[PDB]
Amino acid sequence: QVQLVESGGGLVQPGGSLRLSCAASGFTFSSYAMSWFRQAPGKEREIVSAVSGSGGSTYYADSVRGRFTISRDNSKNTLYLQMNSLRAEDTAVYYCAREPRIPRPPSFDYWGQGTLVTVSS
């Protein structure tokens, strides 16, 4: 079975840094694109960043460019999001997802459990 387990994140002061991790198993990791989404209270879930199977191509939402870095380790089967200069607007539950085999639509995503990032004084 495909498994995606998130860790890291948590509580940080404004301006500080956090890293999220997503440990994948049950599939050939490097065969799949991976993404990070977030959902803030009373808002829809929204994409944050994504990365190709090989790691050769990446995508960032405009709101996080320069502050967030996606990466993956294709030997350890782990996905990361490094977040710097965090602000209150970044508080949310963050999810990793495995993007499906081409050309399946997003309903075929597998999702991690979600983990809190909370930026407060």
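Sequence positions, counted from 1, serve as the residue numbers for this chain. Every heavy atom of this structure was used, including side-chain atoms; hydrogens, water molecules and symmetry mates were not.
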Visitor: With side chains defined as the heavy atoms from C-beta onward, is the minimum distance between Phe68 and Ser49 less than 4.5 Å?
Guide: no
Visitor: Check the pair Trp111, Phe37 against ring-ring contact (aromatic ring centres under 6.0 Å, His included), reporting the backbone distance first and the verdict last.
Guide: CA-CA 10 Å; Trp111 290 96; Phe37 286 69; 5.1 Å; yes
Visitor: Do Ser21 and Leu79 come close enough that some side-chain heavy atom pair is under 4.5 Å?
Guide: no
Visitor: Distance check, rounded to the nearest 0.5 Å: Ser71 atom OG versus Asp73 atom CG?
Guide: 8.5 Å
Visitor: Looking at side-chain heavy atoms only, is the closest gap between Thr69 and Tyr60 below 4.5 Å?
Guide: yes
Visitor: Please assess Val51 against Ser35 for the test side-chain contact (heavy atoms from CB on, under 4.5 Å), listing each intermediate value before the final yes or no.
Guide: CA-CA 6 Å; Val51 59; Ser35 61; over 6 Å; no
Visitor: Among all residues two or more places apart in sequence or in another chain, which pass the side chain to side chain donor-acceptor pair (under 3.5 Å) test with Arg101?
Guide: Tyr32
Visitor: Quick check: closest heavy atoms across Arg45 and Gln39, and the distance to 0.1 Å?
Guide: N-NE2, 3.8 Å
Visitor: When hydrophobic residues are tied together by side-chain contacts of less than 4.5 Å, even through go-betweens, does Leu86 share a cluster with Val93?
Guide: no
Visitor: For residues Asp109 and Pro100, report the shortest heavy-atom separation together with the two atoms involved.
Guide: OD1-CD, 3.3 Å
Visitor: I want to check a possible cation-pi pair here: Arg72 against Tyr80, using under 6.0 Å from ring centre and within 45° of the ring axis as the test.
Guide: no
Visitor: Can you tell me if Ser54 uses its side chain to pair, donor with acceptor, with the backbone of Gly56 under 3.5 Å?
Guide: yes
Visitor: Looking at every heavy atom in both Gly53 and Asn74, which two are closest together, and how far apart are they?
Guide: O-ND2, 3.0 Å
Visitor: Side-chain contact test, heavy atoms from C-beta onward, threshold under 4.5 Å: evaluate it for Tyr59 versus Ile47 and give yes or no.
Guide: yes
Visitor: What residues form a side chain to side chain contact (heavy atoms under 4.5 Å, CB included) with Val117, not counting sequence neighbours?
Guide: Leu18, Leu20, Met83, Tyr94, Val119
Visitor: Report yes if some heavy atom in the side chain of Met34 is under 4.5 Å from a heavy atom in the side chain of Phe29; otherwise report no.
Guide: yes
Visitor: Which distance, rounded to the nearest 0.5 Å, do you find between the CD of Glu6 and the CG of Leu81?
Guide: 10.0 Å
Visitor: With salt bridge (charged side-chain N to carboxylate O under 4.0 Å, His left out) as the rule and sequence neighbours excluded, what pairs involving residues 82-98 come up?
Guide: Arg38-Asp90, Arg67-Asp90
Visitor: Would you check, one step at a time, whether the test side-chain contact (heavy atoms from CB on, under 4.5 Å) holds for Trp36 with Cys22?
Guide: CA-CA 9 Å; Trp36 291 100; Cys22 178; 3.7 Å; yes
Visitor: Provide the closest heavy-atom pair for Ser7 versus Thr115 in the form atom of the first, atom of the second, distance.
Guide: O-CG2, 4.4 Å
Visitor: Quick one: OG on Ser57 to CD1 on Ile70, what's the gap to the nearest 0.5 Å?
Guide: 11.5 Å
Visitor: Does either side chain, that of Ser17 or that of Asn84, offer a donor lying less than 3.5 Å from an acceptor on the other one?
Guide: yes
Visitor: Nearest heavy-atom pair of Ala40 and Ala92: which atoms, and what distance?
Guide: N-CB, 3.9 Å
